[PDB]
């Protein structure tokens, strides 16, 4: 319903996990992609998961936070993930430390070791927000080793940057059977 993601994604199977702190703009991203109905599943009371399935592309999304208590189920999703999209509210300096802590925990998860890392520096339409370079430094992305990563400036409201990021992801994502 969006445009040409059919040519991009083709018929390959990309299993994508999109997470980030609440308020980052993940749900906005899902709807803006216009790739399919956003499905809400609650595998466990209090744990809301949103999914979008487009041909062989799957997006699984949920909110994370500094005080998260990971559950076995989370790791079940992790094992089935080929690419991770971590969404950041570029205009929230008060929570960038929290995002860093959460993302660092994920970078150290055994079950996510092979996933390529795409960071969405979202809400870039706000001039007072942090730049992608600032976010790259704060998250410590340059210290990442043996794992492809990329940071993309985005505005989920307008959809700007979303294709560029998913393009990188599609070209770098490593398939796992």
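Residue numbers count along the first chain shown, from 1.
Novice: Using the B-factors recorded in the PDB entry, average over the C-alpha atoms of 162 to 170 and of 20 to 28, then report which stretch comes out higher.
Specialist: That would be 162 to 170.
Novice: Averaging C-alpha B-factors over each stretch, which comes out higher, 41 to 49 or 120 to 128?
Specialist: The entry gives the higher C-alpha B-factor average to 41 to 49.
Novice: By the entry's C-alpha temperature factors, tell me which of 152, 136, 60, 56 sits highest.
Specialist: Spelled out: the listed residue with the top C-alpha B-factor is 56.
Novice: Is the Cα B-factor recorded for residue 64 in the lowest, middle or highest third of its chain?
Specialist: For residue 64, whose C-alpha B-factor we compare with every modelled residue in the chain, the answer is the lowest third.
Novice: Quick check for you: using the entry's CA B-factors within this chain, is residue 80 in the lowest, middle or highest third?
Specialist: Highest third of the chain for residue 80's C-alpha B-factor.
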